[PDB]
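Student: First the structure, which I've put down as structure tokens, then a few questions once you've had a look.
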Amino acid sequence: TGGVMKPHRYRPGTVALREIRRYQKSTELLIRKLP
DNA sequence: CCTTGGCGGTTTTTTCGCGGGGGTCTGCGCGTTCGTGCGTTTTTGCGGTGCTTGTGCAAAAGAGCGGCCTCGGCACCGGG
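Sequential numbering of the first sequence, starting at 33, is according to UniProt numbering.
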């Protein structure tokens, strides 16, 4: 009985809203330079 | 200042949007494996100096010669 309980996943949109805030706060280029 | 067609209020009618409900599927989330970008050092190209290769601008005398001229000598025209 050495198993691990999993933290499951986030709802659709939660990580979306997080990354929305993160990308709207920062200003770097989002397209890769060489392509 | 004249004129009349059209806005406007009122009354019927008619019809499209939203909500509810239901169902479906498709991006979202996460895990695993793979790629190909940024970062360094090495390689090839453009340039300059030094060295190497080409080349223009005084009579005197004899001997020999070409042109030339007089001349020799001959054949020839004209006539019978």
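Heads up, the beta-carbon is just placed ideally off N, CA and C, and yes, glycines get one too.
#1: By how many angstroms is the C-alpha of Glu51 removed from the C-alpha of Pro39?
#2: Quick check on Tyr55: does DSSP put it in helix, strand or coil?
#3: Per DSSP, what kind of secondary structure is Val47 in: helix, strand or coil?
#4: Between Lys57 and the rest of its own chain, which residues show a CB-CB distance below 8 Å, the 5 nearest in sequence each way excluded?
Tutor: In terms of the structure at hand:
#1: 20 Å
#2: helix
#3: helix
#4: none
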